[PDB]
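Structure first, then comments.
Values below: every heavy atom of this structure, side chains too, minus hydrogens, waters and symmetry copies. Order of the sequence lines fixes the chain letters, A, B, ..., with proteins taken first and strands second; residue numbering starts at 1 for each chain.
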Amino acid sequence: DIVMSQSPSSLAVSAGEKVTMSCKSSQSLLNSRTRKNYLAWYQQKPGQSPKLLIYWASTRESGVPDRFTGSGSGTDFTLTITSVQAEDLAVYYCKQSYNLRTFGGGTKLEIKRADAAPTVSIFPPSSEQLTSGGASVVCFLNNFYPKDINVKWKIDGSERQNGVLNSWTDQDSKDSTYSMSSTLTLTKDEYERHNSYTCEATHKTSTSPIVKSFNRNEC
Amino acid sequence: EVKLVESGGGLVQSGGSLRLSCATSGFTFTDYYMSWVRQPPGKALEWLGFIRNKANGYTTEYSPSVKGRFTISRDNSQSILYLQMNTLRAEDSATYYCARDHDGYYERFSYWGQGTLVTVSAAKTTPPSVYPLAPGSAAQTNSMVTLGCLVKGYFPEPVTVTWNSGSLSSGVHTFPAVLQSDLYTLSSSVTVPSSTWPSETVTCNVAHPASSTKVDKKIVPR
Ligand SMILES: C=CCO[C@]1(C(=O)O)C[C@@H](O[C@]2(C(=O)O)C[C@@H](O)[C@@H](O)[C@@H]([C@H](O)CO[C@]3(C(=O)O)C[C@@H](O)[C@@H](O)[C@@H]([C@H](O)CO)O3)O2)[C@@H](O)[C@@H]([C@H](O)CO)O1
Ligand SMILES: [Mg+2]
Ligand SMILES: [Mg+2]
Ligand SMILES: [Zn+2]
């Protein structure tokens, strides 16, 4: 049958540089009747539906920036993006339509940018939540790069790792940064036994962690 | 002005059936093959099948992965595409897209819907609790101030979060939901000039379609 494979699985490129992406088919997609390769490329930006970029291997769909170029023939195809822009962050899929249709597994394109320190904000549990017996403490670490970051929670000065869940956004399409949320969930009873709640972010951008805290007595 | 809009996604139990619809407009529906494509969260697109155009007798084809179990049909009077799914399993949990396909000449999927999310699970529908995230005790001399919304303990996905009914788009970060104990939690942050809040209102608008939940949570100071 027709197996589509893409390479690389993922890569990062700085704005303004060239991106090269590959698609292989297990059999030739060159239709002998029409003399065209039945191979299309789709761009799927984070949170969005796929969008057609290129079809018949090299035809750029109307409205698609000229920096996107499809090439290749038979079993091997290439999508090249020149002068990549922050907005080009996406998973790119190739798709054969020579015999029914089959998608490749995608190439994830991330955007390399200058290191950026997170902006850290901490939020105490709301009275609405506490009333029902729960206490979630939230820390936002916004607009940083690279994605790797450490968050530590301290309660009255002591590290706590139990009950902490983290979530990273996909890269931002405008500024190529990441953000992450860290949420520490406690019971109200346990929350009320301590005073100081601290989120500490350590990122390669500083040897000093960014520390945000609040004290329950100050609420 | 081509429009494709899927509906029908939601929670179904293993072994169950579910039919999706895709309402279309802005093109001559009968001229076009229509495909369904799905995407498990975080995974690749998978083509499922198509139904051919009128010139080709509206006949269907399917990927081996779903042939015999999924059925595609179309209403050519109303320009609606359907996907009937039977004997659903966890591996069928995915976003389902309808896509406009072949018109007898062009080889391309020109247009795709927004997708509808199907969750196959024995877990019960649970509406979110929505909590405001307002700054504690720390003046934002930071020129900018960051507020948030915690959307906790819901099932299944998805939820939608907007800020001031979509008026605030820039400076918004909505964090992917994390699953814990059969329940999802997510949060959303918004960052606005400190001169605009709390003098101006900032409200997160949360919807959880599975429970028809609609919440508008005003972020209040003090
Ligand atoms: C016995 C059938 C012979 O059909 C062809 C042939 O295969 O040589 C092709 C046929 O072409 C057209 C047509 O009706 O003019 C146009 C072409 O674009 C296609 O639409 C085909 C078929 O409908 C097949 O299309 C599909 C399919 O439905 O499975 C879908 C396409 O996206 C693509 O995958 C093709 C695939 O490339 C195979 O063709 O499959 O119809 C027509 O030229 C006749 C000719 O009249 C002689 O019979 O020959
Ligand atoms: Mg940001
Ligand atoms: Mg203590
Ligand atoms: Zn304690």
Donor-acceptor side-chain pairing of A:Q48 and B:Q114 below 3.5 angstrom: no
Neighbours of chain B found in residues 168-184 of chain A - heavy atoms under 4.5 Å: A:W168, A:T169, A:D172, A:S179, A:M180, A:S181
Enclosure of A:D148 CG (heavy-atom neighbours >12, cutoff 6.0 Å): no
Toward chain B, the part of A:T185 with a non-hydrogen atom under 4.5 Å: side chain
Chain A contact via B:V37 - which portion, at a heavy-atom distance below 4.5 Å: side chain
Which portion of A:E61 sits near chain B, non-hydrogen atoms under 4.5 angstrom: side chain
Minimum side-chain heavy-atom gap A:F103-B:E46 below 4.5 Å: no
Best-contacting candidate, B:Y33, B:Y97, B:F109, against chain A by heavy atom pairs under 4.5 angstrom: B:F109
Greatest number of heavy atom pairs closer than 4.5 Å to chain A - which of B:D101, B:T185, B:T191, B:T95: B:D101
Part of A:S132 within contact of chain B (heavy atom distance under 4.5 Å): side chain
Nearest non-hydrogen partners of A:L165 and B:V178, listed with the distance: CD1-CG1, 4.3 Å
Side-chain heavy atoms of A:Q129 within contact of B:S129, under 4.5 Å: no
Over 12 foreign heavy atoms within 6.0 Å of CG, A:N162: no
Any residue of residues 214-222 of chain B which, by heavy atoms, sits under 4.5 Å from chain A: B:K217
Pick from B:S187, B:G148, B:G115 with the largest number of heavy-atom pairs that fall under 4.5 Å of chain A: B:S187
Selection from B:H173, B:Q180, B:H102 maximising heavy-atom pairs under 4.5 Å formed with chain A: B:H173
Options A:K95, A:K51, A:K36, ranked by heavy-atom pairs under 4.5 Å with chain B, top entry: A:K95
Any side-chain heavy-atom pair of B:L150 and A:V138 under 4.5 Å: yes
For chain A, which residues of residues 50-70 of chain B have heavy atoms nearer than 4.5 angstrom: B:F50, B:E61, B:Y62
Expected output: side-chain A:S121 to main-chain B:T146 donor-acceptor under 3.5 Å: no
Residues in residues 133-144 of chain B near chain A [non-hydrogen atoms, under 4.5 Å]: B:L133, B:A134, B:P135, B:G136, B:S137
Donor on one side chain, acceptor on other, B:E107 and A:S97, under 3.5 Å: yes
Plane angle bin for A:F140 and B:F175 - parallel if under 30°, tilted between 30 and 60°, otherwise perpendicular: parallel
Part of B:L48 within contact of chain A (heavy atom distance under 4.5 Å): neither
Contact origin within B:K43 toward chain A - heavy atom pairs under 4.5 Å: backbone
Backbone of A:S127 reached by a side-chain donor or acceptor of B:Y131 within 3.5 Å: no
Interchain contact, A:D1 with chain B, by part (heavy-atom threshold 4.5 Å): neither
Atom group of A:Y42 that falls short of 4.5 Å from chain B, counting heavy atoms: side chain
Residues, nucleotides or ligands: over 12 heavy atoms within 6.0 Å of A:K108 NZ: no
